[PDB]
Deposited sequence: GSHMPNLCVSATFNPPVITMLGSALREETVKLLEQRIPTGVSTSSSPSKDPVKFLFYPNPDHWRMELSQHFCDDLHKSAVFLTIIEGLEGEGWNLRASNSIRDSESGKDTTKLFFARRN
């Protein structure tokens, strides 16, 4: 029952990926397309990419989400849902994207 969660918080950009069936080959493709590597950590198993020097405005956030969706679509992961919040105290926004296999 393979699902994937991608979470993106801004700014600066921090992208997390969770899903037991996620391949390192897929992580590498997103590394290359999100225009600086994803580092793996266990418990829970996940990939993290932080771009500490970068600032993404609203349009660039839209662009990051498209590259993630498109990259994952080519690798057999289908977008099923998204949600987002903003934290007034930190000034950060966090978006989650949820994917499933076909």
| item | value |
| --- | --- |
| Missing stretches, numbered from 1 on the deposited chain sequence and kept in order | 1 to 3, 39 to 51, 119 |
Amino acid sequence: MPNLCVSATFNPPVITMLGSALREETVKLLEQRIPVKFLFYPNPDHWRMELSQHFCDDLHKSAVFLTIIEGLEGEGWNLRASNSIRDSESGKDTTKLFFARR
From here on, numbers count along this sequence of modelled residues.
item: Higher-scoring stretch by recorded Cα B factor average, 79 to 87 or 10 to 18; value: 10 to 18
item: Mean C-alpha B-factor comparison - 26 to 34 and 67 to 75, higher one; value: 26 to 34
item: Modelled-residue ranking by C-alpha temperature factor, third containing residue 100; value: middle
item: Cα B factor band for residue 61 (lowest, middle or highest third within the chain); value: lowest
